[PDB]
Every structure is written in C-alpha cells, then in structure tokens.
$ cat upload_14.txt   # compact mmCIF, C-alpha atoms
# COMPACT_ATOMS: atom_id res chain seq x y z
CA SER A 260 -39.07 25.84 -53.17
CA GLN A 261 -38.09 23.15 -50.64
CA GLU A 262 -34.78 24.93 -49.89
CA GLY A 263 -35.44 25.31 -46.19
CA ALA A 264 -36.73 21.83 -45.63
CA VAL A 265 -33.37 20.60 -46.91
CA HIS A 266 -31.40 23.04 -44.75
CA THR A 267 -33.15 21.42 -41.78
CA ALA A 268 -32.85 17.91 -43.19
CA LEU A 269 -29.11 18.60 -43.28
CA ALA A 270 -28.11 18.40 -39.63
CA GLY A 271 -25.05 16.58 -38.50
CA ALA A 272 -23.68 17.15 -42.00
CA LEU A 273 -20.39 18.98 -42.31
CA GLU A 274 -20.00 22.11 -44.37
CA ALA A 275 -17.29 22.55 -46.98
CA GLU A 276 -16.17 25.18 -49.44
CA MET A 277 -15.18 24.83 -53.08
CA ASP A 278 -12.37 26.64 -54.88
CA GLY A 279 -12.58 26.07 -58.61
CA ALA A 280 -13.32 22.41 -59.19
CA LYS A 281 -11.73 21.33 -55.88
CA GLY A 282 -13.57 21.00 -52.60
CA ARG A 283 -11.80 22.05 -49.41
CA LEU A 284 -13.01 20.24 -46.30
CA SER A 285 -11.85 21.44 -42.89
CA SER A 286 -12.79 18.46 -40.70
CA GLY A 287 -11.11 15.07 -40.75
CA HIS A 288 -8.34 12.83 -39.46
CA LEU A 289 -4.94 11.86 -40.81
CA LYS A 290 -2.73 9.19 -39.27
CA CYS A 291 1.01 9.75 -39.73
CA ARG A 292 3.96 7.89 -38.30
CA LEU A 293 6.64 10.48 -37.52
CA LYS A 294 10.15 9.15 -38.17
CA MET A 295 12.41 11.54 -36.31
CA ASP A 296 15.74 9.79 -36.78
CA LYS A 297 17.25 12.40 -39.10
CA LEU A 298 16.30 15.32 -36.85
CA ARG A 299 19.36 17.00 -35.38
CA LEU A 300 19.92 19.80 -32.89
CA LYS A 301 21.20 22.85 -34.74
CA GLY A 302 22.30 24.46 -31.49
CA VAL A 303 24.91 21.96 -30.33
CA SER A 304 28.57 23.11 -30.41
CA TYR A 305 27.48 26.72 -29.82
CA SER A 306 28.98 28.76 -27.00
CA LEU A 307 26.80 30.08 -24.19
CA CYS A 308 25.87 33.71 -24.73
CA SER B 260 -36.73 30.32 -48.25
CA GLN B 261 -38.64 28.19 -45.72
CA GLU B 262 -41.59 27.93 -48.11
CA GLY B 263 -41.87 24.24 -48.94
CA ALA B 264 -41.40 23.57 -45.25
CA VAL B 265 -44.50 25.67 -44.58
CA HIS B 266 -46.32 24.01 -47.47
CA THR B 267 -45.80 20.61 -45.86
CA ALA B 268 -46.60 22.07 -42.44
CA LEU B 269 -49.98 23.19 -43.79
CA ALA B 270 -51.34 19.65 -44.10
CA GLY B 271 -54.99 19.62 -43.09
CA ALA B 272 -55.61 23.32 -43.78
CA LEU B 273 -58.24 24.32 -46.30
CA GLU B 274 -57.47 25.84 -49.67
CA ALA B 275 -59.11 29.10 -50.71
CA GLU B 276 -59.01 31.31 -53.78
CA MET B 277 -59.02 35.10 -53.70
CA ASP B 278 -60.24 37.43 -56.45
CA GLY B 279 -59.91 41.06 -55.62
CA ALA B 280 -60.09 41.81 -51.93
CA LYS B 281 -62.67 39.04 -51.50
CA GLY B 282 -61.50 35.49 -50.95
CA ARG B 283 -63.84 32.59 -51.66
CA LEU B 284 -63.71 29.39 -49.65
CA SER B 285 -64.48 26.10 -51.37
CA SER B 286 -65.52 24.12 -48.28
CA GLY B 287 -67.75 24.86 -45.32
CA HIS B 288 -71.26 24.31 -44.08
CA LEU B 289 -74.35 26.24 -43.02
CA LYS B 290 -77.68 25.44 -41.36
CA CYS B 291 -80.92 26.91 -42.70
CA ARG B 292 -84.50 26.25 -41.67
CA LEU B 293 -86.88 26.19 -44.64
CA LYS B 294 -90.28 27.81 -44.17
CA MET B 295 -92.35 26.21 -46.93
CA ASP B 296 -95.68 27.78 -45.99
CA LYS B 297 -95.91 30.12 -48.99
CA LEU B 298 -94.91 27.45 -51.52
CA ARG B 299 -97.78 26.64 -53.88
CA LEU B 300 -98.17 24.24 -56.79
CA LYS B 301 -98.25 26.00 -60.14
CA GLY B 302 -99.76 23.03 -61.94
CA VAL B 303 -102.88 21.88 -60.12
CA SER B 304 -106.21 22.87 -61.73
CA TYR B 305 -104.80 22.09 -65.19
CA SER B 306 -106.61 19.54 -67.33
CA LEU B 307 -104.59 16.53 -68.42
CA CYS B 308 -102.75 16.65 -71.73
CA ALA C 1 -41.59 16.45 -50.50
CA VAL C 2 -43.03 15.60 -47.11
CA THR C 3 -40.71 12.97 -45.59
CA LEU C 4 -37.17 14.30 -46.20
CA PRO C 5 -35.18 12.07 -43.82
CA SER C 6 -33.12 13.89 -41.23
CA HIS C 7 -29.34 13.66 -41.51
CA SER C 8 -28.76 13.53 -37.74
CA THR C 9 -29.17 9.77 -38.10
CA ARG C 10 -25.87 9.61 -40.02
CA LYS C 11 -24.19 12.45 -38.12
CA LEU C 12 -20.60 12.99 -39.23
CA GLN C 13 -18.47 12.89 -36.09
CA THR C 14 -15.42 15.18 -36.10
CA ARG C 15 -13.77 17.90 -34.04
CA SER C 16 -15.55 20.63 -36.01
CA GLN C 17 -19.21 21.43 -35.44
CA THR C 18 -21.82 20.13 -37.86
CA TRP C 19 -24.37 22.12 -39.87
CA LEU C 20 -27.07 22.85 -37.26
CA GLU C 21 -25.65 21.61 -33.98
CA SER C 22 -27.21 24.19 -31.66
CA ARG C 23 -30.78 23.24 -32.54
CA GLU C 24 -31.25 19.47 -32.19
CA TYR C 25 -32.06 18.94 -28.51
CA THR C 26 -34.14 22.09 -28.17
CA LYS C 27 -35.80 21.09 -31.45
CA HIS C 28 -37.24 17.82 -30.18
CA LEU C 29 -38.03 19.19 -26.72
CA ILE C 30 -39.84 22.18 -28.23
CA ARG C 31 -41.94 19.99 -30.50
CA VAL C 32 -43.02 17.75 -27.61
CA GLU C 33 -43.64 20.60 -25.15
CA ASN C 34 -45.65 22.60 -27.67
CA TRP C 35 -47.87 19.68 -28.63
CA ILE C 36 -48.53 18.71 -25.01
CA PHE C 37 -49.26 22.33 -24.09
CA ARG C 38 -51.79 22.64 -26.90
CA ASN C 39 -53.60 19.35 -26.16
CA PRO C 40 -53.71 18.75 -22.39
CA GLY C 41 -56.54 16.21 -22.26
CA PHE C 42 -54.42 13.61 -23.98
CA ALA C 43 -52.34 13.61 -20.80
CA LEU C 44 -55.38 12.14 -19.05
CA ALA C 45 -56.06 9.72 -21.90
CA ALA C 46 -52.44 8.54 -21.90
CA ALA C 47 -52.41 8.18 -18.11
CA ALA C 48 -55.50 5.97 -18.35
CA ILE C 49 -54.14 3.82 -21.18
CA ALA C 50 -50.83 3.45 -19.34
CA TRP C 51 -52.63 2.47 -16.13
CA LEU C 52 -54.59 -0.24 -17.93
CA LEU C 53 -51.35 -1.64 -19.38
CA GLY C 54 -48.42 -3.06 -17.47
CA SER C 55 -48.39 -4.78 -14.09
CA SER C 56 -45.81 -2.91 -12.03
CA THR C 57 -45.63 0.83 -11.45
CA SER C 58 -42.45 1.24 -13.50
CA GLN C 59 -43.99 -0.41 -16.56
CA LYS C 60 -47.00 1.89 -16.34
CA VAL C 61 -44.80 4.99 -16.02
CA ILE C 62 -42.71 3.89 -19.00
CA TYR C 63 -45.88 3.27 -21.02
CA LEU C 64 -47.12 6.75 -20.12
CA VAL C 65 -43.85 8.37 -21.18
CA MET C 66 -43.62 6.43 -24.44
CA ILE C 67 -47.22 7.34 -25.31
CA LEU C 68 -46.56 11.01 -24.53
CA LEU C 69 -43.55 10.87 -26.86
CA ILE C 70 -45.14 8.84 -29.67
CA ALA C 71 -48.25 11.03 -29.84
CA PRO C 72 -46.69 14.44 -30.68
CA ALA C 73 -44.73 12.93 -33.56
CA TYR C 74 -47.59 10.70 -34.78
CA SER C 75 -44.59 8.50 -35.44
CA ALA D 1 -37.19 27.17 -38.32
CA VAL D 2 -36.66 23.53 -37.49
CA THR D 3 -39.83 22.69 -35.54
CA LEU D 4 -42.70 24.08 -37.65
CA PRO D 5 -45.76 22.55 -35.95
CA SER D 6 -47.89 20.42 -38.24
CA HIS D 7 -51.46 21.44 -38.99
CA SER D 8 -52.71 17.86 -39.24
CA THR D 9 -53.23 18.20 -35.49
CA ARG D 10 -55.97 20.78 -36.13
CA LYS D 11 -57.23 19.20 -39.35
CA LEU D 12 -60.22 21.18 -40.59
CA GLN D 13 -63.04 18.72 -41.21
CA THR D 14 -65.29 19.35 -44.21
CA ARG D 15 -66.71 17.54 -47.22
CA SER D 16 -63.85 18.67 -49.47
CA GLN D 17 -60.26 17.46 -49.29
CA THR D 18 -57.69 19.29 -47.19
CA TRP D 19 -54.40 20.76 -48.44
CA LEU D 20 -52.26 17.62 -48.73
CA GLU D 21 -54.65 14.78 -48.00
CA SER D 22 -53.41 11.95 -50.22
CA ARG D 23 -49.98 11.96 -48.57
CA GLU D 24 -50.54 11.44 -44.83
CA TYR D 25 -50.58 7.65 -44.52
CA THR D 26 -47.74 7.04 -46.95
CA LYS D 27 -45.88 9.90 -45.25
CA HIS D 28 -45.65 8.26 -41.85
CA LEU D 29 -45.32 4.68 -43.10
CA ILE D 30 -42.52 5.68 -45.48
CA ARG D 31 -40.60 7.50 -42.76
CA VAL D 32 -40.75 4.52 -40.39
CA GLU D 33 -40.02 1.90 -43.04
CA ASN D 34 -37.07 3.84 -44.45
CA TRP D 35 -35.44 4.33 -41.05
CA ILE D 36 -35.90 0.66 -40.16
CA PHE D 37 -34.52 -0.48 -43.52
CA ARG D 38 -31.40 1.68 -43.22
CA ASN D 39 -30.75 0.57 -39.61
CA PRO D 40 -31.71 -3.10 -39.16
CA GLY D 41 -29.70 -3.88 -36.02
CA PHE D 42 -31.92 -1.66 -33.93
CA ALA D 43 -34.66 -4.21 -34.53
CA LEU D 44 -32.57 -6.62 -32.45
CA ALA D 45 -31.76 -3.94 -29.89
CA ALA D 46 -35.44 -3.05 -29.49
CA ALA D 47 -36.44 -6.72 -29.30
CA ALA D 48 -34.00 -7.23 -26.42
CA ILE D 49 -35.07 -4.06 -24.60
CA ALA D 50 -38.74 -4.98 -24.99
CA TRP D 51 -38.14 -8.53 -23.77
CA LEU D 52 -36.43 -7.25 -20.63
CA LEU D 53 -39.50 -5.04 -20.03
CA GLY D 54 -43.03 -6.17 -19.35
CA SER D 55 -44.26 -9.36 -17.73
CA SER D 56 -46.69 -10.82 -20.26
CA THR D 57 -46.07 -11.42 -23.96
CA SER D 58 -48.50 -8.79 -25.23
CA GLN D 59 -46.88 -6.13 -23.04
CA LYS D 60 -43.52 -7.06 -24.54
CA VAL D 61 -44.82 -6.88 -28.12
CA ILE D 62 -46.42 -3.51 -27.39
CA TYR D 63 -43.11 -2.28 -25.95
CA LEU D 64 -41.36 -3.54 -29.08
CA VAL D 65 -43.74 -1.71 -31.41
CA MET D 66 -43.70 1.51 -29.39
CA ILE D 67 -39.88 1.55 -29.32
CA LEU D 68 -39.70 0.75 -33.04
CA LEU D 69 -42.01 3.72 -33.61
CA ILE D 70 -40.45 6.20 -31.17
CA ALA D 71 -36.96 5.64 -32.56
CA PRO D 72 -37.37 6.62 -36.25
CA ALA D 73 -38.91 9.92 -35.17
CA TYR D 74 -36.44 10.45 -32.28
CA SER D 75 -39.56 11.96 -30.77
$ encode --input "upload_14.txt" --output "structure tokens"
Amino acid sequence: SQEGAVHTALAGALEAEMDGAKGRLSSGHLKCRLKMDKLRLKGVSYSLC
Amino acid sequence: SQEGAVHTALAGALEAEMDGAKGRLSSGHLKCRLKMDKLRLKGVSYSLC
Amino acid sequence: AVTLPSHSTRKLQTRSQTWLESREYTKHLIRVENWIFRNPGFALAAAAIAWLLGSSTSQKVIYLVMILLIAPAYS
Amino acid sequence: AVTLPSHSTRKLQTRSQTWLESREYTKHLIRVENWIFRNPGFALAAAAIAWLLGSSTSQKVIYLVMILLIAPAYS
C-alpha cells in the first residue's frame, strides 16, 4: 500500500487544499509596486474635537 | 498505512507460511549424526538374474 | 518501491512550514545513532581503517567520521 | 515513522532467498545515480573539497568517492 513511504518521501513539500477544481495554496510571494499618488487624507479640513 | 514502508524495511527477513496455528518455515538448517550400524543389505545372498 | 527519492532535496522554501519539518534532523541522527548502538565493533574497524588512511590527524578523524556516516546508510 | 531501520543489517543467511533479495544492489546504485544525475554541480563541489583534503592522490580520490556517497543519502 506504499501510502506511508510516500508521506515520508514528501518532506519539504508544501501542503495545499482544493476547493472544487481550483487549488488554494497558502505559501508564496507576490511583488507589487504600490503607487500611492491618488491616496488622500480624508481627515483634512476637519475641526479638532 | 505504513505498510509498504515496512515491506521494504523487511529486506533480508525470511518468508514463512502459516496454516492453522502452525507456521511452516521454508528455510533453515539442522545437524544430525547418522548411526548406520543397524543398516543391512537386503540384496546380498541372491543369485544373479 | 524501494528507492522513493526524498523530497527534502528539492525543499520548497517559503514562510510557511513544509510537510514534515519537525522530523528531518532527528530522523538522520536517530538512524545513525541506532545503527552505531546496535553494531559497536564497527567503531573499532572504522577507527583502524581511518588510522591506516590519511597522513595528518585531521585527515584520519575526517575519514573516521565519514566512514561512520557512510556505513549506517550503506549509501 | 520516518526512520524504520532496515533488516538487511541482520540479513538471515540460509540456502533460500530472503524477502526482497533481487533488489538490493540496484536499490543503492539507483539511489546514488539518480541523486547525482539530478544535481551535477555537486560533482564539482565534491571534487574541489576532496582536492583541498588529503595529501596524496589516492587519499583525494577516496575523499571524493566518500563525499559523493555520503551526500545522496544525507547520512
């Protein structure tokens, strides 16, 4: 049945979980450049409370 | 299920086959001394054919 | 079958922990320690073979250690 | 578990074949050859490390072989 020799052969392999036909992984890296030139401050022009 | 892992771990162990409570081995060895002092010859004292 | 290459060779490096991360170091140490504890005389044999090889002391010690690691795995 | 000591250490010797007899030699050779084929650069790394160790040539070749054997098993 070989199903425990593979569980030990898998080591350093990441787990995942599948919903429907899609596979959700929870370990990775994205690289985004954040353009904050249209971010404002909503609070300006308010009066001190 | 850890079973194929044990099957490959058991390399160099002898097979055996059990019928009923008794289990027969198919490899081994024994040492007997043969007392051939009551062995006769059935044939001598027969005339030739 | 029998070989079944280990995946730790191609370990996926991330923030999250991998499949069996708690067991690797203790795994190899336990294999070596168990084999050496079962067969002590090979310590003497390996010490002799290391002494006959290598000029300096450091080379002989390294030979001894590499023999004592390459024997339990029959690598 | 992960360790599972091999029984080929205590191989029972008899006239008849043992449990998995036909597979031992190919087992170890296949493991070593597969690891070396997937990771070729470590041949160069081990050659360098063996050259920096050991005075004579035969000591260096023995260091090379013992490293190239002790790596695929991570023993």
$ atom_distance --input "upload_14.txt" --atom1 "atom CA of residue 287 of chain B" --atom2 "atom CA of residue 17 of chain D"
11.3 Å
$ residues_around --input "upload_14.txt" --residues "residue 1 of chain C" --least-positions-apart "5" --cutoff "10 Å" --atoms "only C-alpha atoms" --output "ChimeraX atom specification"
/A:261,264-265 /B:263-264,266-267 /D:23,27
$ write_last_selection --input "upload_14.txt" --atoms "C-alpha atoms" --output "PDB file, in the frame of the given file"
ATOM      1  CA  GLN A 261     -38.090  23.150 -50.640  1.00  0.00           C
ATOM      2  CA  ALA A 264     -36.730  21.830 -45.630  1.00  0.00           C
ATOM      3  CA  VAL A 265     -33.370  20.600 -46.910  1.00  0.00           C
TER       4      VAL A 265
ATOM      5  CA  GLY B 263     -41.870  24.240 -48.940  1.00  0.00           C
ATOM      6  CA  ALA B 264     -41.400  23.570 -45.250  1.00  0.00           C
ATOM      7  CA  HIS B 266     -46.320  24.010 -47.470  1.00  0.00           C
ATOM      8  CA  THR B 267     -45.800  20.610 -45.860  1.00  0.00           C
TER       9      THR B 267
ATOM     10  CA  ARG D  23     -49.980  11.960 -48.570  1.00  0.00           C
ATOM     11  CA  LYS D  27     -45.880   9.900 -45.250  1.00  0.00           C
TER      12      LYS D  27
END
$ calpha_fit_and_write --input "upload_14.txt" --fixed "chain A" --moving "chain B" --output "PDB file with C-alpha atoms, in the frame of the given file"
ATOM      1  CA  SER B 260     -38.747  25.194 -53.434  1.00  0.00           C
ATOM      2  CA  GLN B 261     -38.036  22.460 -50.864  1.00  0.00           C
ATOM      3  CA  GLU B 262     -34.731  24.116 -49.961  1.00  0.00           C
ATOM      4  CA  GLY B 263     -35.094  25.136 -46.326  1.00  0.00           C
ATOM      5  CA  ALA B 264     -36.583  21.716 -45.714  1.00  0.00           C
ATOM      6  CA  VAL B 265     -33.348  20.191 -47.009  1.00  0.00           C
ATOM      7  CA  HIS B 266     -31.302  22.699 -45.023  1.00  0.00           C
ATOM      8  CA  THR B 267     -32.947  21.515 -41.811  1.00  0.00           C
ATOM      9  CA  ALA B 268     -32.693  17.903 -42.973  1.00  0.00           C
ATOM     10  CA  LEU B 269     -28.924  18.346 -43.290  1.00  0.00           C
ATOM     11  CA  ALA B 270     -28.360  18.601 -39.535  1.00  0.00           C
ATOM     12  CA  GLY B 271     -25.167  16.780 -38.624  1.00  0.00           C
ATOM     13  CA  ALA B 272     -23.584  17.025 -42.086  1.00  0.00           C
ATOM     14  CA  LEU B 273     -20.266  18.786 -42.486  1.00  0.00           C
ATOM     15  CA  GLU B 274     -19.834  22.118 -44.210  1.00  0.00           C
ATOM     16  CA  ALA B 275     -17.302  22.500 -47.010  1.00  0.00           C
ATOM     17  CA  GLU B 276     -16.156  25.334 -49.241  1.00  0.00           C
ATOM     18  CA  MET B 277     -15.315  24.967 -52.919  1.00  0.00           C
ATOM     19  CA  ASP B 278     -12.973  27.176 -54.949  1.00  0.00           C
ATOM     20  CA  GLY B 279     -12.671  26.172 -58.537  1.00  0.00           C
ATOM     21  CA  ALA B 280     -13.227  22.494 -59.151  1.00  0.00           C
ATOM     22  CA  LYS B 281     -11.518  21.691 -55.842  1.00  0.00           C
ATOM     23  CA  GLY B 282     -13.553  21.696 -52.659  1.00  0.00           C
ATOM     24  CA  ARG B 283     -11.824  22.064 -49.302  1.00  0.00           C
ATOM     25  CA  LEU B 284     -13.153  20.387 -46.185  1.00  0.00           C
ATOM     26  CA  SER B 285     -12.748  22.127 -42.840  1.00  0.00           C
ATOM     27  CA  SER B 286     -12.960  19.039 -40.611  1.00  0.00           C
ATOM     28  CA  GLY B 287     -11.407  15.596 -40.745  1.00  0.00           C
ATOM     29  CA  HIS B 288      -8.518  13.624 -39.357  1.00  0.00           C
ATOM     30  CA  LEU B 289      -5.425  11.736 -40.481  1.00  0.00           C
ATOM     31  CA  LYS B 290      -2.864   9.416 -38.885  1.00  0.00           C
ATOM     32  CA  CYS B 291       0.849   9.856 -39.574  1.00  0.00           C
ATOM     33  CA  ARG B 292       3.830   8.079 -38.067  1.00  0.00           C
ATOM     34  CA  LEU B 293       6.782  10.415 -37.505  1.00  0.00           C
ATOM     35  CA  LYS B 294      10.241   9.050 -38.267  1.00  0.00           C
ATOM     36  CA  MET B 295      12.505  11.370 -36.277  1.00  0.00           C
ATOM     37  CA  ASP B 296      15.772   9.570 -36.998  1.00  0.00           C
ATOM     38  CA  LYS B 297      17.242  12.249 -39.275  1.00  0.00           C
ATOM     39  CA  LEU B 298      16.312  15.137 -36.967  1.00  0.00           C
ATOM     40  CA  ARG B 299      19.411  16.824 -35.549  1.00  0.00           C
ATOM     41  CA  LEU B 300      19.946  19.738 -33.182  1.00  0.00           C
ATOM     42  CA  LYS B 301      21.229  22.836 -34.939  1.00  0.00           C
ATOM     43  CA  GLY B 302      22.423  24.458 -31.732  1.00  0.00           C
ATOM     44  CA  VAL B 303      24.668  22.058 -29.842  1.00  0.00           C
ATOM     45  CA  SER B 304      28.424  22.775 -30.049  1.00  0.00           C
ATOM     46  CA  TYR B 305      27.757  26.517 -29.692  1.00  0.00           C
ATOM     47  CA  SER B 306      29.411  28.367 -26.829  1.00  0.00           C
ATOM     48  CA  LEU B 307      27.093  30.119 -24.403  1.00  0.00           C
ATOM     49  CA  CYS B 308      26.186  33.746 -25.020  1.00  0.00           C
TER      50      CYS B 308
END
$ axis_aligned_box --input "upload_14.txt" --around "segment 18-31 of chain D" --padding-each-side "8 Å" --output "JSON"
{"center_x": -49.1, "center_y": 12.7, "center_z": -46.0, "size_x": 33.1, "size_y": 32.1, "size_z": 24.4}
$ atom_distance --input "upload_14.txt" --atom1 "atom CA of residue 40 of chain C" --atom2 "atom CA of residue 9 of chain D"
13.1 Å
$ atom_distance --input "upload_14.txt" --atom1 "atom CA of residue 21 of chain C" --atom2 "atom CA of residue 272 of chain A"
9.4 Å
$ residues_around --input "upload_14.txt" --residues "residue 18 of chain D" --least-positions-apart "2" --cutoff "9 Å" --atoms "all atoms listed in the file" --output "short mmCIF file (atom, residue, chain, number, x, y, z; two decimals) with C-alpha atoms, in the coordinates of the input"
data_model
loop_
_atom_site.label_atom_id
_atom_site.label_comp_id
_atom_site.auth_asym_id
_atom_site.auth_seq_id
_atom_site.Cartn_x
_atom_site.Cartn_y
_atom_site.Cartn_z
CA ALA B 270 -51.34 19.65 -44.10
CA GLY B 271 -54.99 19.62 -43.09
CA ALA B 272 -55.61 23.32 -43.78
CA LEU B 273 -58.24 24.32 -46.30
CA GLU B 274 -57.47 25.84 -49.67
CA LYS D 11 -57.23 19.20 -39.35
CA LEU D 12 -60.22 21.18 -40.59
CA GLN D 13 -63.04 18.72 -41.21
CA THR D 14 -65.29 19.35 -44.21
CA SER D 16 -63.85 18.67 -49.47
CA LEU D 20 -52.26 17.62 -48.73
CA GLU D 21 -54.65 14.78 -48.00
#
$ interface_residues --input "upload_14.txt" --of "chain D" --to "chain A" --cutoff "12 Å" --atoms "all atoms listed in the file" --output "list in words"
residues 1, 2, 3 and 4 of chain D
$ residues_around --input "upload_14.txt" --residues "residue 28 of chain C" --least-positions-apart "5" --cutoff "12 Å" --atoms "all atoms listed in the file" --output "number ranges by chain"
C: 22-23, 33-35, 69-70, 72-73; D: 2-5, 73-75
$ residues_around --input "upload_14.txt" --residues "residue 68 of chain D" --least-positions-apart "2" --cutoff "9 Å" --atoms "all atoms listed in the file" --output "PyMOL selection string"
chain D and resi 32+36+42-43+46-47+63-66+70-72
$ residues_around --input "upload_14.txt" --residues "residue 61 of chain C" --least-positions-apart "4" --cutoff "12 Å" --atoms "only C-alpha atoms" --output "list in words"
residues 46, 47, 48, 49, 50, 51, 52, 53, 54, 55, 56, 57, 65, 66, 67 and 68 of chain C; 54 of chain D
$ closest_residue --input "upload_14.txt" --among "D:10, D:15, D:38, D:31" --to "chain C" --atoms "only C-alpha atoms"
D:31
$ decode --input "upload_14.txt" --residues "segment 280-307 of chain B" --atoms "N, CA and C atoms" --output "JSON list (two decimals), in the first residue's frame"
[["chain", "number", "residue", "atom", "x", "y", "z"],
["B", 280, "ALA", "N", -2.80, -22.75, 13.38],
["B", 280, "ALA", "CA", -1.92, -22.11, 14.34],
["B", 280, "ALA", "C", -0.45, -22.33, 13.99],
["B", 281, "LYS", "N", -0.15, -23.41, 13.28],
["B", 281, "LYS", "CA", 1.23, -23.75, 12.97],
["B", 281, "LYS", "C", 1.72, -23.00, 11.74],
["B", 282, "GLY", "N", 2.93, -22.45, 11.85],
["B", 282, "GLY", "CA", 3.54, -21.76, 10.73],
["B", 282, "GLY", "C", 4.81, -22.45, 10.28],
["B", 283, "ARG", "N", 4.87, -22.80, 9.01],
["B", 283, "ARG", "CA", 5.98, -23.55, 8.45],
["B", 283, "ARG", "C", 6.99, -22.59, 7.85],
["B", 284, "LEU", "N", 8.26, -22.78, 8.23],
["B", 284, "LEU", "CA", 9.35, -22.07, 7.59],
["B", 284, "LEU", "C", 9.80, -22.83, 6.36],
["B", 285, "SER", "N", 10.34, -22.10, 5.40],
["B", 285, "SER", "CA", 10.82, -22.69, 4.16],
["B", 285, "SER", "C", 12.33, -22.60, 4.02],
["B", 286, "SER", "N", 13.04, -22.20, 5.07],
["B", 286, "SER", "CA", 14.49, -22.16, 5.05],
["B", 286, "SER", "C", 15.02, -22.33, 6.46],
["B", 287, "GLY", "N", 16.12, -23.05, 6.59],
["B", 287, "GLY", "CA", 16.70, -23.33, 7.88],
["B", 287, "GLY", "C", 17.86, -24.28, 7.71],
["B", 288, "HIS", "N", 18.26, -24.90, 8.82],
["B", 288, "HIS", "CA", 19.21, -26.00, 8.75],
["B", 288, "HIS", "C", 19.23, -26.73, 10.08],
["B", 289, "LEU", "N", 19.71, -27.96, 10.03],
["B", 289, "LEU", "CA", 19.75, -28.86, 11.17],
["B", 289, "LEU", "C", 21.03, -29.68, 11.07],
["B", 290, "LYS", "N", 21.42, -30.34, 12.15],
["B", 290, "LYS", "CA", 22.62, -31.16, 12.14],
["B", 290, "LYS", "C", 22.32, -32.49, 12.81],
["B", 291, "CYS", "N", 22.27, -33.57, 12.03],
["B", 291, "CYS", "CA", 22.05, -34.90, 12.57],
["B", 291, "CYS", "C", 23.29, -35.75, 12.39],
["B", 292, "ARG", "N", 23.53, -36.65, 13.34],
["B", 292, "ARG", "CA", 24.53, -37.69, 13.22],
["B", 292, "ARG", "C", 23.83, -38.99, 12.90],
["B", 293, "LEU", "N", 24.33, -39.72, 11.91],
["B", 293, "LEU", "CA", 23.66, -40.88, 11.34],
["B", 293, "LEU", "C", 24.35, -42.13, 11.84],
["B", 294, "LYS", "N", 23.68, -42.87, 12.71],
["B", 294, "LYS", "CA", 24.16, -44.16, 13.18],
["B", 294, "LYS", "C", 23.68, -45.22, 12.20],
["B", 295, "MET", "N", 24.58, -45.62, 11.30],
["B", 295, "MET", "CA", 24.34, -46.68, 10.32],
["B", 295, "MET", "C", 24.99, -47.98, 10.77],
["B", 296, "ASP", "N", 24.64, -48.45, 11.97],
["B", 296, "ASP", "CA", 25.15, -49.72, 12.45],
["B", 296, "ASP", "C", 24.09, -50.80, 12.49],
["B", 297, "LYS", "N", 22.83, -50.47, 12.19],
["B", 297, "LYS", "CA", 21.78, -51.46, 12.01],
["B", 297, "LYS", "C", 21.26, -51.47, 10.58],
["B", 298, "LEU", "N", 21.98, -50.84, 9.66],
["B", 298, "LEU", "CA", 21.65, -50.86, 8.25],
["B", 298, "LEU", "C", 22.25, -52.11, 7.62],
["B", 299, "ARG", "N", 21.41, -52.93, 7.02],
["B", 299, "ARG", "CA", 21.85, -54.13, 6.32],
["B", 299, "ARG", "C", 21.71, -53.93, 4.82],
["B", 300, "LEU", "N", 22.03, -54.97, 4.07],
["B", 300, "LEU", "CA", 21.81, -55.01, 2.63],
["B", 300, "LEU", "C", 20.77, -56.08, 2.35],
["B", 301, "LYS", "N", 19.64, -55.66, 1.79],
["B", 301, "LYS", "CA", 18.57, -56.60, 1.52],
["B", 301, "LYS", "C", 18.95, -57.61, 0.45],
["B", 302, "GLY", "N", 19.82, -57.22, -0.48],
["B", 302, "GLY", "CA", 20.06, -57.99, -1.67],
["B", 302, "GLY", "C", 21.04, -59.14, -1.60],
["B", 303, "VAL", "N", 22.13, -58.98, -0.84],
["B", 303, "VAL", "CA", 23.19, -59.98, -0.86],
["B", 303, "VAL", "C", 22.61, -61.35, -0.50],
["B", 304, "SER", "N", 23.26, -62.40, -1.01],
["B", 304, "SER", "CA", 22.81, -63.79, -0.95],
["B", 304, "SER", "C", 21.66, -64.06, -1.91],
["B", 305, "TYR", "N", 21.52, -63.25, -2.95],
["B", 305, "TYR", "CA", 20.64, -63.54, -4.07],
["B", 305, "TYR", "C", 21.49, -63.97, -5.26],
["B", 306, "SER", "N", 21.05, -65.00, -5.97],
["B", 306, "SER", "CA", 21.74, -65.40, -7.18],
["B", 306, "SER", "C", 21.51, -64.37, -8.27],
["B", 307, "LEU", "N", 22.46, -64.28, -9.21],
["B", 307, "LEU", "CA", 22.33, -63.31, -10.28],
["B", 307, "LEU", "C", 21.14, -63.64, -11.17]]
